[PDB]
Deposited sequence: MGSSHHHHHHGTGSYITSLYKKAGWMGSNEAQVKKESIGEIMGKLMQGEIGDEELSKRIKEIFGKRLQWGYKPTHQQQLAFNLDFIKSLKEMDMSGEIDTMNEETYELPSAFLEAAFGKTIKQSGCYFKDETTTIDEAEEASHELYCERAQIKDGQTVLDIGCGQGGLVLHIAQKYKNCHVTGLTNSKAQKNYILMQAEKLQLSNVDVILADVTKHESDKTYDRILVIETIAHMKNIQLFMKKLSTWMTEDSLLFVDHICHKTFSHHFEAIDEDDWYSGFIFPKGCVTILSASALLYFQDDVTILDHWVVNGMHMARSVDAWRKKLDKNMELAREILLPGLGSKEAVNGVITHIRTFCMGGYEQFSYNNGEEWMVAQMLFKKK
């Protein structure tokens, strides 16, 4: 079977969920074989090579997003206490976790880099009325959504910077900088962390949450010629999965204070909840998308892409009961 063949059946809805899950699980299995080395000597050689290599380097309508994601349209791993925890509850729990670990206190200036649909920005703004909370996003649609929500929620302490963070120049500093699942998209990590440090003072803290593998780093890209999945999900080579410890080697400009990981079952439950909600609201979703996409085929294409992302993410993060791919968190101060 060629890529073309599998892609054909997938797009026609000819692959059942069990086969789809099985196929993607196998692809991730091959990544594990690629990444695990026989000795720690070899593991560190592999990991440091990757780290050294790094140092050399249309939008969906909000109504569709509301029908697939949770209440605040969080697009990052959430935190599920119970088997019965809803996605809305898991969003709030994860916001709370970030506030704790980043040591948010009322009255601080807070910058959220790559703030998405602004769930965390709105959470902090509501909980800490004396905080001034700035979201930074490269999407005008996202900025517009956040500002409307802030207006609706009677929040007066929210602003949004519309910028490519890699290009953004400012003299402004913040007490707290948060980066929630944005760093995977950063082409230039060393320069990224350096830039963030220039937006900190001696009293600031930087909190980063990133998708990871516990042991090794990898680009999200085809493992071989049999891998139809990786390039389907990310048609660009624009996504890097750092190991859980990779950022420890990026302390030129910031210094680590604390380090955690969150088991991958939380991410797995997140993507599962999105997949189930999209499935439930499938008819509605196809209706919402049709105007802006132009044809039922183009609508089916976008839905297949998002649904497959969730199915694949489930297999990735649930692998070995969440003990392969997971979420890493780090707290830093400025040098």
Wait, which stretches of the deposited chain are just not there in the structure? 1 to 35, 93 to 105
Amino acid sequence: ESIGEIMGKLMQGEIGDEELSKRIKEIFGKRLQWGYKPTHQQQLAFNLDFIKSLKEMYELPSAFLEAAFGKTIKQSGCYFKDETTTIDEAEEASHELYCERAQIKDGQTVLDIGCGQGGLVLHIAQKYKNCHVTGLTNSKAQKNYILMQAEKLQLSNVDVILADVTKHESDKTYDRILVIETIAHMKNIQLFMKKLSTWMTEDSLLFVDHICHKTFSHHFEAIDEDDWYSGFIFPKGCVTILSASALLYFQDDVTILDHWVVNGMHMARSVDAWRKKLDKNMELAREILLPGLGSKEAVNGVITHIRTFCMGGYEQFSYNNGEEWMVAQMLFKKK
From here on, numbers count along this sequence of modelled residues.
Averaging the C-alpha temperature factors as deposited, the higher value of 66 to 74 versus 296 to 304 falls on 296 to 304
Comparing 119 to 127 with 79 to 87, which has the greater mean CA B-factor as deposited? 79 to 87
So among 51, 45, 290, 268, who wins on Cα B-factor in the entry? 290
Split the chain's modelled residues into thirds by Cα B-factor; residue 335 lands in the highest
Residue 264 by Cα B-factor - lowest, middle or highest third of the modelled chain: lowest
Going by the CA temperature factor in the PDB record, which third of the chain does residue 151 belong to: lowest, middle or highest? lowest
If you rank the chain by CA B-factor, which third does residue 324 end up in: lowest, middle or highest? lowest
Once the chain's modelled residues are ordered by C-alpha B factor and cut into thirds, is residue 228 in the lowest, middle or highest one? highest
